[PDB]
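Residue numbers (the authors' numbering), protein chains in the order written: chain b, 245 to 488; chain H, 180 to 203; chain a, 2 to 10, 32 to 536; chain f, 656 to 701.
Built from N, CA and C at the ideal position, the CB exists for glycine as well.
What follows is a single structure, written as structure tokens, with notes after it.
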């Protein structure tokens, strides 16, 4: 199913676009139901949740006397659901806006976040959107720059910042969008360098052996010296064995 | 060590997110 | 040869103690339209408290005042008042400190503690050492930040200065790091006069006379709202180049989604945490039912397939957890758009297996030289289907400041399976004319900007933290964080004077209503 | 007292003269039912 929206560079230029989930993790569509061993009926088995206080008598508390709360460093701060909704960060749903354009080398794939990749084409019918998106894609490809866009599936969905980059092929072209991290997501970990570690310095013979192993275990080959690599082990075309 | 946050030692101090800053 | 040749020859939690002068010199302010030095100290303390509450609530903080008529401490040293002992930060401590924030707060300070009383530094350092020793948790760091605006408090006695010097040396030897946040002083503040022998580390340019308040105050006042997690290995797996060749490696996540803190349930009346308990019992028997007596069932068109829990777990068993290496793939074949999951980081361990670091380093060096990535099957834990991943070598990088920015190791990227990809509808390829491409290139160039990995902030998380802080501290209203993610279309329109209209005329026919 | 009982009161921010804890203690002294947060059975919130 296509997700329709508008790519908005500013308050005057808007291009109607449709996005599809190009890549998505595949999970089992059918769940597992719990049944009793003696009798194979799910009706008999049922789940009940009981809430009690931290007291000797273990007084039971009704579902209507529970309030949502958060921890604030050894201090408990009540925060009602209605209060959360009232003070929740509101946003304009179904928005696809361009914040700017940055050099492709600046954005590294190691920072890609999220669990999906989107492919954006022009609207289904109109040709003006098609030509506009084609011009934008060609400009980005020629200048080797990628757009930093704001993505929001709907008003409920939390807004995110992602990178949209051109993708041009012999038969179709589009914009590939992948989410980018926030400053909170980044982790600052320090790892000791291995190049200058004297005790971890392999000798020439070790390097030669590793090189020989790498050469002997190549998964790519030369297609009759025609400047076209051939993949011997294309893992991308192997169905998930778990389903089978 | 230079560039170390004074709040949490051992972690790298980071300047506030400047958002989008168009160039000249 | 006789008796000649046969004989030869990250952990714990950070802590911090605030030391604030109580002399009258700290209370007077230079002219109006300015904040008195003690007020600056209190503001910095409150900002540090909030930053610690958000970033790392497991740290310990303490507040001690000296030079007061009253005294309070575990040793009864005069003119020493430990307002707050080393304990986890909380909203109550911030509210208590807020009492002295205002001018009436200053009067409350004067009435409840006094001022102008003589003091000796050695006593202050003694109480600080006692406070450090009192706590039992492991102490990764021990820091004492002294807030004062006096160069040489013992300007008339040398014995007191010698005692302070020896005690500072003793504390430095014990592993306590001392910093000084010098505040405003009419004449001028110099660190070389008296504190040269107290500060644990002296900067390259610090002996000069300082007129403006300490620069570290600006950093302290800069509140940071982002949870901080210490370095930790997600798993310690066993890379297997062969059934016999094996090396232990550690897996980390350099990028991880930052979710808001989980909520809990509180009893409305007493406002205390409640316990959550779940159980299952037979609808007829009405007795406790264990998972063993249950079974897993699935229905497929009037047919029920039933398996035990152990059988369901066995369904997914393929191989033992770890990384089973395979041949090497050129980096070109790793398509950028073939992104499935956030990448991980693989580093040597050298603990579980001795000699793995050298092999990993050799592999990294030769992979970088040959520009190839190690394709391998990956099983994070037992009873998990395997997934094909690629280890691309990472070259260590450092900036002009010689601070690490890209740790060395392998970047593990998950390669999607055939079923992970999705088919797409046919779309006719339409080519834009060169003039349109040129106009759009002009627009793109006009809207160029440098992108940094930490150039944006999660608006939802920031708003949630601000709301929680406002409620905890009973702020009148919660500060509205500026949403940096917004396109700030005003500047965009200003830059695009007439480019948008020209492009629309070129590419959008006259009859079109987006 | 016997007139101020079986009533659900709620205090969240007292006056400067009587901070919240002491004010709640005074309310309890009269026999009122104090609730830390409002609910579906509450006469009013102070």
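DSSP lists b:291 as the bridge partner or partners of residue 302 of chain a.
DSSP places residue 263 of chain b within a strand segment (E or B) once states are collapsed to three.
For residue 180 of chain a, the uninterrupted alpha helix (DSSP H) run begins and ends at 180–196, by DSSP.
Residue 180 of chain H carries a coil assignment under DSSP once its states are collapsed to helix, strand and coil.
The CB of residue 694 of chain f comes closer than 8 Å to the CB of 290 in chain a, given here in chain order. For the C-beta of residue 261 of chain b, not a single chain f residue is nearer than 8 Å; the gap to the nearest is close to 47 Å. Counting of Cβ neighbours within 10 angstroms places residue 339 of chain b among the buried residues, the total reaching 16 or more. When the alpha-carbon of residue 281 of chain b is set against those of a:308, a:330, a:212 and a:298, the nearest one is in a:330. Separation of residue 260 of chain b and residue 418 of chain b (C-alpha to C-alpha, rounded to the nearest whole angstrom) is 13 Å. Secondary structure in the region 87–113 of chain a: the beta strand (DSSP E) runs of 3 residues or longer, each lying completely within the stretch, are 102–109 in chain order.
Per DSSP, reduced to three states, the secondary structure at residue 358 of chain a is coil, with no helix or strand assignment. The alpha-carbon of residue 77 of chain a is positioned some 9 Å away from that of residue 186 of chain H.
Neighbourhood of residue 111 of chain a in chain b, by CB distance below 8 Å: 317 and 318, in chain order. When the Cα atoms are used, residue 405 of chain b and residue 189 of chain H turn out to be separated by approximately 29 Å. For the C-beta of residue 279 of chain a, the chain b residues within less than 8 Å are, from N- to C-terminus, 357 and 429.
The count of Cβ pairs closer than 8 Å, one atom from the region 149–168 of chain a and one from the region 35–47 of chain a, reaches three, so the stretches are in contact. Taking a C-beta cut-off of 8 Å against chain f, the contacting residues of the region 294–328 of chain b are 308, 309, 311, 322 and 324, listed in chain order. About 47 Å separates the CB atoms of residue 348 of chain b and residue 319 of chain b; that is not less than 8 Å, and the two are not in contact. Taking C-beta atoms under 8 Å as the contact rule, residue 462 of chain b and residue 349 of chain a qualify, at a distance of about 6 Å. Secondary structure within the region 347–383 of chain b: the beta strand (DSSP E) runs of 3 or more consecutive residues, fully enclosed, are 360–366 (chain order).
Residue burial annotation: residue 236 of chain a is buried, with at least 16 other C-beta atoms found within 10 angstroms of its C-beta. According to the DSSP assignment, residue 276 of chain b belongs to no beta strand (DSSP E), since it is labelled neither H nor E. Residue 467 of chain a carries a helical assignment under DSSP once its states are collapsed to helix, strand and coil.
Inclusion of residue 266 of chain b and residue 362 of chain b in the CB contact set at 8 Å is warranted, their separation being smaller than that value. Runs of the alpha helix (DSSP H) lying entirely within the region 432–476 of chain b and spanning at least 4 residues, in chain order: 448–460. Beta-bridge annotation (DSSP): residue 417 of chain b is paired with b:412. Following the DSSP letters along the chain, one finds residue 387 of chain a inside the alpha helix (DSSP H) bounded by residues 378–392. For residue 367 of chain a, the enclosing beta strand (DSSP E) stretches over residues 366–370. Taking C-beta separations shorter than 8 Å and ignoring five residues to either side along the sequence, the partners of residue 404 of chain a in its chain run 339, 342 and 343, following chain order. The beta carbons of residue 293 of chain b and residue 307 of chain a sit about 20 Å from each other, so the pair does not count as a contact at 8 Å.
In this structure, DSSP gives residue 401 of chain b a state outside helix and strand, which the three-state scheme calls coil.
Counting only the Cα atoms, residue 375 of chain a lies some 47 Å from residue 413 of chain b.
A direct Cα-to-Cα measurement between residue 273 of chain b and residue 487 of chain b gives close to 10 Å.
For residue 148 of chain a, the enclosing alpha helix (DSSP H) starts and ends at 143–156.
Residue 389 of chain b is bridged by DSSP to b:347. Contact annotation for residue 690 of chain f against chain a: 290 and 291 [CB-CB distance below 7 Å, chain order].
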